[PDB]
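*Asks:* Pasting a structure below so you can have a look.
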There are 2 protein chains.
Amino acid sequence: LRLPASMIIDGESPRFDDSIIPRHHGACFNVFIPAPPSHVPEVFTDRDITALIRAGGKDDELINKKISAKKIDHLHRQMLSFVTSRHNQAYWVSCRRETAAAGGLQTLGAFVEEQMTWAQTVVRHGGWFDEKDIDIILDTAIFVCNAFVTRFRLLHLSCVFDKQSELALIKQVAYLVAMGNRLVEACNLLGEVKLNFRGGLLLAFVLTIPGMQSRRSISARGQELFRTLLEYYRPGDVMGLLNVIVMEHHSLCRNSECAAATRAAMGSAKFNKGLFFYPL
Amino acid sequence: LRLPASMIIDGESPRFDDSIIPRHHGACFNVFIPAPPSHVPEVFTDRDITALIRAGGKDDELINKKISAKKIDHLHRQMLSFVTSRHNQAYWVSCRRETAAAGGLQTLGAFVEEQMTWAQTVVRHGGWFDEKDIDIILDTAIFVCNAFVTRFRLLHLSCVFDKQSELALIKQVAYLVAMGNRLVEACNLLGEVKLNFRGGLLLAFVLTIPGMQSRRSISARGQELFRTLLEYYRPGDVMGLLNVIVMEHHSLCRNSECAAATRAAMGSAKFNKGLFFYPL
Ligand SMILES: [Zn+2]
Ligand SMILES: [Zn+2]
């Protein structure tokens with residue numbers, strides 16, 4: 001009965017419940033969800049990302065989505081076209097959004113790798129994020145970040161980070177992002193902090209792109225941080241950090257629910273729709 | 001800004017650091033998670049819960065896993081001799097844990113329907129929520145409930161639920177369940193308020209089993225609420241409410257992002273391993 005703002009609470013309780021449940025529609029094996037943007041103008045782009053876009057529609061192993069960054073800054077010539085193509089826009093965003101929601105940290109990590117590598121390329125070849133220019137990868141970047149942090153909290157963090165205050169910051173940042181409403185305070189708290197440790201740097205790596213997309217309502221130190229992070233970023237980093245963190249702790253901690261919560265928190269990597277490229 | 005507990009702020013602003021990142025392992029495609037529980041001893045069961053079990057090893061469509069409440073009422077002492085088997089425990093709990101952990105609201109709704117129907121049955125034959133007496137479906141009940149609500153938080157609830165009071169309840173209850181282990185506070189809150197709307201009744205339906213497993217720590221209203229909710233529930237209620245909220249909303253809310261979040265959060269129902277039965 002610590003209730004801000006409600007009006008009618010029960011005075012008995014009576015209590016009853018039957019009327020509102022639709023018991024007459026019978027079984028329901030599928031929920032009547034709105035239609036997807038299945039409509040694809042089916043634009044054929046050139047000259048040979050055909051297999052790369054078809055890979056952006058499959059769920060192969062990550063081992064089948066490799067590109068060395070040499071190719072990325074090379075084929076950027078019209079990869080920027082495909083991503084900014086006014087055709088097929090909300091479709092890929094929807095596809096990539098529906099997978100980012102669910103789930104498994106391995107998948108979301110690879111997504112961050114791709115979106116970090118892409119953004120580092122599109123600032124290398126000139127051009128910062130307008131307010132706001134249309135672009136598939138960066139438009140889903142915020143969805144990737146939130147879903148990453150949220151599926152991240154399902155780790156036994158009290159066990160993985162056997163550190164005093166590191167765990168405190170990580171817990172608060174993961175909290176701030178997980179409530180959705182408060183990102184500017186999550187990504188600006190990251191900034192006036194030490195980042196010697198791994199886990200906080202891993203979160204800062206994730207909040208790079210969305211920290212940049214919001215670089216107007218944030219602190220002064222934040223912009224310096226995320227621009228530095230994107231500048232000195234390299235591919236395979238986020239997966240490296242995440243991997244070595246889980247590797248070492250579970251090389252030691254042979255608990256039960258810790259190994260379980262970890263095993264659950266990162267599902268298989270097979271699920272990729274719609275992942276275009278895994279950078280290396 | 002305000003930082004309660006920390007040891008070293010930064011005035012200096014050092015960089016980067018690059019040594020903390022293990023840049024020498026190279027390429028990572030599968031994170032090195034601990035081993036999965038070993039299945040394949042199997043229990044030599046027998047007509048005909050094998051067919052039921054085998055449905056727990058496959059990602060079939062919901063309709064292919066259907067069952068009638070009259071059947072699982074008949075098939076009880078048999079089915080109970082499996083879910084309470086000495087062997088193959090943490091395996092099936094892991095399968096269910098990881099699936100609900102990734103899966104979307106449709107998958108989790110099926111799990112909820114199953115576990116509620118199962119608890120109804122084992123109660124109907126004198127059983128009770130022992131702690132612990134090893135019931136696969138009731139162990140996973142916490143993970144299902146949590147993950148359901150954590151993903152329920154993806155919908156544009158400000159657009160799905162009109163009156164600010166019902167919405168406010170849904171938002172706070174979701175905040176408690178999803179964020180932290182403040183579960184008992186949530187069950188108390190559901191216990192206070194009259195549930196004559198589909199949002200609160202749906203969530204309360206989800207939390208019945210974890211509430212009934214926390215019967216000692218929960219307020220009087222909570223104990224009576226979840227007792228009655230467990231007795232008067234009849235299969236389909238959860239999906240029926242979930243569906244009918246979506247259906248009746250998006251039949252007049254053609255908002256691009258509201259339907260986008262709804263599509264992303266629901267997710268396909270083909271993923272359900274291991275879902276033993278979908279009750280009717
Ligand atoms: Zn551990
Ligand atoms: Zn709406």
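Residues are referred to by chain and number: the chain letter is A, B, ... according to the order shown in the structure tokens, the number counts from 1 in that chain, and ligands are numbered separately from 1 in the order shown.
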Could you give me, as a list in words, the residues within 9 Å of residue 249 of chain A, counting only C-alpha atoms and dropping anything in the same chain fewer than 3 positions from it?
*Replies:*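 Near residue 249 of chain A, the qualifying residues are residues 159, 160, 161, 244, 245, 246, 252, 253 and 254 of chain A.
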*Asks:* Can you write just those residues out, N, CA and C atoms, as a PDB file, in the first residue's frame?
*Replies:*
ATOM      1  N   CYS A 159      28.989 -13.170  -9.497  1.00  0.00           N
ATOM      2  CA  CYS A 159      30.012 -14.200  -9.555  1.00  0.00           C
ATOM      3  C   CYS A 159      31.060 -13.940 -10.626  1.00  0.00           C
ATOM      4  N   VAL A 160      30.664 -13.375 -11.768  1.00  0.00           N
ATOM      5  CA  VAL A 160      31.592 -13.198 -12.881  1.00  0.00           C
ATOM      6  C   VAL A 160      32.595 -12.089 -12.591  1.00  0.00           C
ATOM      7  N   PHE A 161      32.138 -10.981 -12.018  1.00  0.00           N
ATOM      8  CA  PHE A 161      32.997  -9.849 -11.692  1.00  0.00           C
ATOM      9  C   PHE A 161      33.243  -9.839 -10.189  1.00  0.00           C
ATOM     10  N   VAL A 244      36.579 -13.746 -23.564  1.00  0.00           N
ATOM     11  CA  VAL A 244      37.626 -13.967 -22.569  1.00  0.00           C
ATOM     12  C   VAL A 244      37.082 -13.768 -21.159  1.00  0.00           C
ATOM     13  N   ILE A 245      36.093 -12.885 -20.997  1.00  0.00           N
ATOM     14  CA  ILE A 245      35.452 -12.712 -19.697  1.00  0.00           C
ATOM     15  C   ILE A 245      34.807 -14.018 -19.248  1.00  0.00           C
ATOM     16  N   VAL A 246      34.012 -14.632 -20.127  1.00  0.00           N
ATOM     17  CA  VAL A 246      33.343 -15.884 -19.787  1.00  0.00           C
ATOM     18  C   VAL A 246      34.355 -17.019 -19.701  1.00  0.00           C
ATOM     19  N   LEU A 252      37.498 -21.169 -13.847  1.00  0.00           N
ATOM     20  CA  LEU A 252      37.609 -21.304 -12.402  1.00  0.00           C
ATOM     21  C   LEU A 252      36.284 -21.736 -11.787  1.00  0.00           C
ATOM     22  N   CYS A 253      35.288 -20.855 -11.833  1.00  0.00           N
ATOM     23  CA  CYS A 253      34.035 -21.080 -11.127  1.00  0.00           C
ATOM     24  C   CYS A 253      33.294 -22.258 -11.748  1.00  0.00           C
ATOM     25  N   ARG A 254      33.244 -23.367 -11.021  1.00  0.00           N
ATOM     26  CA  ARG A 254      32.457 -24.526 -11.432  1.00  0.00           C
ATOM     27  C   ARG A 254      31.190 -24.621 -10.584  1.00  0.00           C
TER      28      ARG A 254
END
*Asks:* So that I can check the surroundings of segment 216-224 of chain B, please list as a list in words every protein, DNA and RNA residue that reaches within 9 Å of it, counting only C-alpha atoms and ignoring chain neighbours fewer than 2 positions away.
*Replies:*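 With the cut-off at 9 Å, the set is residues 13 of chain A; 184, 185, 187, 188, 189, 190, 191, 192, 211, 212, 213, 214, 226, 227, 228 and 229 of chain B.
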*Asks:* Would you output that residue set with N, CA and C atoms, as a tab-separated table (two decimals), in the first residue's frame?
*Replies:*
chain	number	residue	atom	x	y	z
A	13	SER	N	-11.68	-8.79	-0.44
A	13	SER	CA	-11.90	-8.81	-1.89
A	13	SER	C	-13.04	-9.77	-2.23
B	184	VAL	N	8.50	-10.41	-4.93
B	184	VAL	CA	7.47	-10.42	-3.90
B	184	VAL	C	6.74	-9.08	-3.86
B	185	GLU	N	7.47	-7.98	-4.08
B	185	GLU	CA	6.82	-6.68	-4.16
B	185	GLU	C	5.79	-6.65	-5.29
B	187	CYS	N	4.09	-9.30	-6.59
B	187	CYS	CA	2.94	-10.12	-6.22
B	187	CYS	C	2.05	-9.41	-5.21
B	188	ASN	N	2.65	-8.69	-4.26
B	188	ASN	CA	1.86	-7.89	-3.33
B	188	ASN	C	1.03	-6.86	-4.07
B	189	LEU	N	1.65	-6.18	-5.03
B	189	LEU	CA	0.95	-5.15	-5.79
B	189	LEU	C	-0.24	-5.73	-6.55
B	190	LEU	N	-0.04	-6.87	-7.22
B	190	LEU	CA	-1.15	-7.54	-7.89
B	190	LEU	C	-2.22	-7.95	-6.89
B	191	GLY	N	-1.82	-8.30	-5.67
B	191	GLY	CA	-2.78	-8.69	-4.66
B	191	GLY	C	-3.70	-7.56	-4.22
B	192	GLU	N	-3.18	-6.33	-4.20
B	192	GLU	CA	-3.98	-5.21	-3.71
B	192	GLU	C	-5.09	-4.86	-4.69
B	211	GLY	N	4.25	-17.14	-7.72
B	211	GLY	CA	3.62	-16.66	-6.50
B	211	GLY	C	3.27	-17.79	-5.55
B	212	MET	N	2.65	-18.85	-6.08
B	212	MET	CA	2.31	-20.00	-5.24
B	212	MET	C	3.54	-20.72	-4.72
B	213	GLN	N	4.70	-20.54	-5.36
B	213	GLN	CA	5.94	-21.06	-4.81
B	213	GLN	C	6.53	-20.15	-3.75
B	214	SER	N	6.07	-18.90	-3.67
B	214	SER	CA	6.47	-17.95	-2.64
B	214	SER	C	5.29	-17.62	-1.73
B	226	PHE	N	-3.68	-15.83	-5.83
B	226	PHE	CA	-3.05	-16.88	-6.62
B	226	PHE	C	-3.66	-18.25	-6.35
B	227	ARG	N	-4.23	-18.46	-5.16
B	227	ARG	CA	-5.03	-19.67	-4.94
B	227	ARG	C	-6.21	-19.70	-5.89
B	228	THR	N	-7.03	-18.65	-5.87
B	228	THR	CA	-8.19	-18.58	-6.75
B	228	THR	C	-7.77	-18.61	-8.22
B	229	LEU	N	-6.74	-17.84	-8.57
B	229	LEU	CA	-6.27	-17.81	-9.95
B	229	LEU	C	-5.82	-19.19	-10.41
*Asks:* Using only C-alpha atoms, which residues sit within 10 Å of residue 129 of chain A once same-chain residues fewer than 2 positions away are excluded, as a ChimeraX atom specification?
*Replies:* /A:119,122-123,127,131-135,138,209,212-215
*Asks:* Would you output that residue set with C-alpha atoms, as a short mmCIF file (atom, residue, chain, number, x, y, z; two decimals), in the first residue's frame?
*Replies:*
data_model
loop_
_atom_site.label_atom_id
_atom_site.label_comp_id
_atom_site.auth_asym_id
_atom_site.auth_seq_id
_atom_site.Cartn_x
_atom_site.Cartn_y
_atom_site.Cartn_z
CA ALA A 119 30.27 3.15 -38.62
CA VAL A 122 31.47 5.56 -42.86
CA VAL A 123 33.41 8.09 -40.77
CA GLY A 127 30.49 11.93 -43.06
CA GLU A 131 19.82 14.42 -37.70
CA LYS A 132 18.96 11.97 -38.89
CA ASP A 133 20.11 10.45 -42.16
CA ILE A 134 18.52 7.13 -43.12
CA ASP A 135 20.69 4.04 -42.68
CA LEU A 138 22.77 2.57 -37.43
CA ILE A 209 27.07 3.94 -31.87
CA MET A 212 27.03 8.90 -30.96
CA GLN A 213 23.47 9.02 -32.33
CA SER A 214 22.51 11.04 -29.23
CA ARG A 215 25.64 13.24 -29.09
#
*Asks:* Quote the C-alpha RMSD, in Å to one decimal, that results from superposing chain A on chain B by least squares across all C-alpha atoms in order.
*Replies:*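 My reading of the C-alpha RMSD is 0.8 Å.
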*Asks:* Find the residue from A:33, A:241, A:128, A:51 that sits nearest to ligand 2; use only C-alpha atoms and all ligand atoms when measuring.
*Replies:*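 Using only C-alpha atoms and all ligand atoms, ligand 2 sits closest to A:33.
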*Asks:* Run DSSP on the backbone and give me the residues of segment 43-249 of chain A it puts in alpha helix (DSSP H), as a ChimeraX atom specification.
*Replies:* /A:50-55,69-84,89-101,105-124,136-139,141-152,157-160,166-178,184-189,198-206,208-213,221-232,237-249
*Asks:* Using only C-alpha atoms and all ligand atoms, which of the listed residues (B:42, B:98, B:231, B:257) sits closest to ligand 2?
*Replies:* B:257
*Asks:* For each of B:155, B:203, B:43, B:264, take the minimum atom-to-atom distance to ligand 2, counting only C-alpha atoms and all ligand atoms, then give the residue where this is smallest.
*Replies:*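 Using only C-alpha atoms and all ligand atoms, the shortest distance to ligand 2 belongs to B:155.
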*Asks:* Measuring atom to atom with only C-alpha atoms, identify which of A:175, A:111, A:44, A:92 is nearest to chain B.
*Replies:*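 Comparing A:175, A:111, A:44, A:92 against chain B, the winner is A:175.
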*Asks:* Using only C-alpha atoms for the distances, tell me which of B:178, B:136, B:195, B:141 is nearest to residue 116 of chain B.
*Replies:*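 Nearest to residue 116 of chain B: B:141.
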